[PDB]
Asker: 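What follows is a single structure, and I will ask about it in a moment.
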Amino acid sequence: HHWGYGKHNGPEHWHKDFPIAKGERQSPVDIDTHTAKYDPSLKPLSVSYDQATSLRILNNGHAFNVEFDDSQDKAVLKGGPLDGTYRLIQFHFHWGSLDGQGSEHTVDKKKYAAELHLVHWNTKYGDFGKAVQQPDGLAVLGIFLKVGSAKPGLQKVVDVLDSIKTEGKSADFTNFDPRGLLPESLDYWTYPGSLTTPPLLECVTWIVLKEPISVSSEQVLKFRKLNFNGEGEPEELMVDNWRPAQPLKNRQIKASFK
Ligand code: NA
Ligand SMILES: [Zn+2]
């Protein structure tokens, strides 16, 4: 793709090819914890990932995605602000060149080292491609990563990154259990937003968890060794693949907790 995260094709340029970049419900945003409204009508999230089937990990030149079999209700998200059942299709991360940046959402202007996005689509629309054209088509669970202790359940991912260093490489990636990426608490903020990469469609109910997970410096270091470029092209390290916070405009962030 022509878009990317550099000086000449990065997020401040995206609106020329994707005019929705300046839309009314763009993501990410800063979550102002004192202005977020506690909504006691929000239900607990229901995450059912015991039957998840991972298939493949791939470097798509802007992040790396772990892809799941979503041809049946095997790993689903329900409850919270959602209606209906949303199936997990892929997860990926955004991270920085240094530990003090990398998350897309911020919490009272605080940046975290990275942000994990678990992407799910509304099974009433039949496939992911139809779901992205609907205002309630996707639900993305966002989880912040801070640097501290290692996360053992992430190690299987960091160990295969060597095999998908450059854009377009993929590897088999089976029997990965995404339950090892979840914090203890499922308390969350939710708001209506968009994909944070092109095509930036406004089809996302965001569900951002309050509690970060900790990963080790050595674990996030290995993310920073991947490349944006394809094999044989000049080396450009895959770092700072985050979009800056966008205006909230006419939107309220709701919290599941006080
Ligand atoms: Na993608
Ligand atoms: Zn993302």
Side-chain angles (χ1 to χ4, degrees), residues 27-50 52 63 65-66 68 75-83 85-96 99 101-121 138-154 157 176-196 204-216 219-220 223 242-243 245-246 248 251-258:
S27 292
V29 293
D30 175 60
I31 293 162
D32 177 327
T33 59
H34 301 106
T35 267
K37 175 81 210 275
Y38 171 59
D39 175 347
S41 66
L42 286 168
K43 297 163 205 134
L45 281 177
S46 169
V47 184
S48 293
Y49 287 173
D50 49 291
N65 283 10
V66 174
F68 285 80
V76 301
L77 180 69
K78 308 178 180 221
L82 299 178
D83 266 291
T85 298
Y86 284 74
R87 280 187 201 159
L88 174 66
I89 177 162
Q90 50 107 329
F91 69 78
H92 61 272
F93 299 84
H94 299 272
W95 60 87
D99 304 344
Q101 62 193 48
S103 63
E104 295 205 307
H105 294 87
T106 57
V107 182
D108 294 329
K109 309 272 191 137
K110 167 166 184 181
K111 294 174 166 80
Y112 283 91
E115 187 175 323
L116 168 58
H117 286 164
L118 293 124
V119 178
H120 303 76
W121 56 273
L138 297 196
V140 178
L141 195 54
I143 294 171
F144 297 117
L145 274 68
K146 65 181 182 205
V147 172
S149 303
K151 191 81 179 160
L154 179 72
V157 174
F176 180 74
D177 186 344
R179 293 175 298 179
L181 301 174
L182 298 184
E184 282 177 16
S185 173
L186 293 186
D187 288 345
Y188 64 85
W189 295 283
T190 181
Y191 72 98
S194 73
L195 292 178
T196 68
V204 179
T205 295
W206 280 97
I207 295 160
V208 178
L209 296 190
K210 175 204 68 201
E211 182 182 334
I213 61 161
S214 290
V215 299
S216 73
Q219 287 182 316
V220 305
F223 289 15
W242 52 275
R243 185 184 192 194
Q246 301 300 305
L248 193 56
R251 288 178 290 184
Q252 202 155 0
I253 297 176
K254 295 159 170 190
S256 69
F257 62 94
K258 52 176 94 212

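In what follows, residues are counted from 1 in the order of the sequence shown. The basis for the numbers below is simple: all heavy atoms, side chains too, and nothing from hydrogens, waters or symmetry mates.
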Asker: Mind checking salt bridge (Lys or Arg N to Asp or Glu O under 4.0 Å) for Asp99 and listing every partner two or more places apart, or none if nothing turns up?
Answerer: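 Counting only residues at least two positions away or on another chain, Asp99 forms a salt bridge (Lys or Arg N to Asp or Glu O under 4.0 Å) with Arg224.
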Asker: Which residues pass the side chain to side chain donor-acceptor pair (under 3.5 Å) test with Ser46, not counting sequence neighbours?
Answerer: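 Partners of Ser46 under the side chain to side chain donor-acceptor pair (under 3.5 Å) test: none.
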Asker: Spell out, as yes or no, whether a donor-acceptor pair under 3.5 Å connects the side chain of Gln246 to the backbone of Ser27.
Answerer: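 Flag not set: sc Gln246 to bb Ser27 has no pair under 3.5 Å.
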Asker: Not counting sequence neighbours, which residues clear side chain to side chain contact (heavy atoms under 4.5 Å, CB included) with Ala52? List them please.
Answerer: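 Result, side chain to side chain contact (heavy atoms under 4.5 Å, CB included) vs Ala52: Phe68, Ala75, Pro178.
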Asker: Name each donor-acceptor pair under 3.5 Å that joins a side chain in residues 251-258 to protein atoms two or more places apart or in another chain, with its distance.
Answerer:
unit_1 : atom_1 : unit_2 : atom_2 : d
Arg251 : NE     : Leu248 : O      : 2.9
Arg251 : NH1    : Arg25  : O      : 3.4
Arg251 : NH1    : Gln26  : O      : 3.1
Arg251 : NH1    : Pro192 : O      : 2.9
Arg251 : NH2    : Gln26  : O      : 2.8
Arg251 : NH2    : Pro247 : O      : 3.0
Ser256 : OG     : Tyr188 : N      : 3.0
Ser256 : OG     : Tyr188 : O      : 3.4

Asker: Would you say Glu104's side chain and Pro28's backbone share a donor-acceptor pair under 3.5 angstrom?
Answerer: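 Side chain of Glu104 to backbone of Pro28: no pair is present.
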Asker: With sequence neighbours excluded, tell me which residues meet side chain to side chain contact (heavy atoms under 4.5 Å, CB included) with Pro44.
Answerer: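 Here no residue qualifies.
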Asker: List for me each residue that meets side chain to side chain donor-acceptor pair (under 3.5 Å) alongside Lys210, sequence neighbours excluded, and say none if there are none.
Answerer: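 Scan of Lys210 (side chain to side chain donor-acceptor pair (under 3.5 Å), adjacent residues dropped) gives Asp187.
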Asker: Please list, chain by chain and in numerical order, all residues satisfying side chain to side chain donor-acceptor pair (under 3.5 Å) with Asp39, sequence neighbours excluded.
Answerer: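 If we apply the side chain to side chain donor-acceptor pair (under 3.5 Å) test to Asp39, skipping adjacent residues, the hits are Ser41.
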Asker: Once salt bridge (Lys or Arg N to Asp or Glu O under 4.0 Å) is applied, do any residues pair with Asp177, and if so which ones, sequence neighbours excluded?
Answerer: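 Residues passing salt bridge (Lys or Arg N to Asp or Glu O under 4.0 Å) with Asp177: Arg179.
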Asker: Distance-only, no hydrogens or angles: does the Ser194 side chain make a donor-acceptor pair with backbone N or O of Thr196 under 3.5 Å?
Answerer: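 No; zero donor-acceptor contacts below 3.5 Å.
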Asker: What residues form a side chain to side chain contact (heavy atoms under 4.5 Å, CB included) with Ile89, not counting sequence neighbours?
Answerer: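 Listed in chain order: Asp70, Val119, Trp121, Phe128.
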Asker: Check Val107 against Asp30 and note the closest heavy-atom contact, atom names and distance.
Answerer: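 Looking at all heavy atoms of both residues, the shortest contact is N-OD1, 3.8 Å.
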Asker: Could you work out, with side chain to side chain donor-acceptor pair (under 3.5 Å) as the rule, every residue matching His120, not counting sequence neighbours?
Answerer: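 Here the qualifying residues are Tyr49.
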Asker: Can you sort out the partners of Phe223 under ring-ring contact (aromatic ring centres under 6.0 Å, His included), two or more places apart, ordered by chain and number?
Answerer: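 So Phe223 forms a ring-ring contact (aromatic ring centres under 6.0 Å, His included) with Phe64, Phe93, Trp95.
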Asker: Would you be so kind as to tabulate the donor-acceptor pairs closer than 3.5 Å made by side chains of residues 145-153, with sequence neighbours excluded?
Answerer:
none

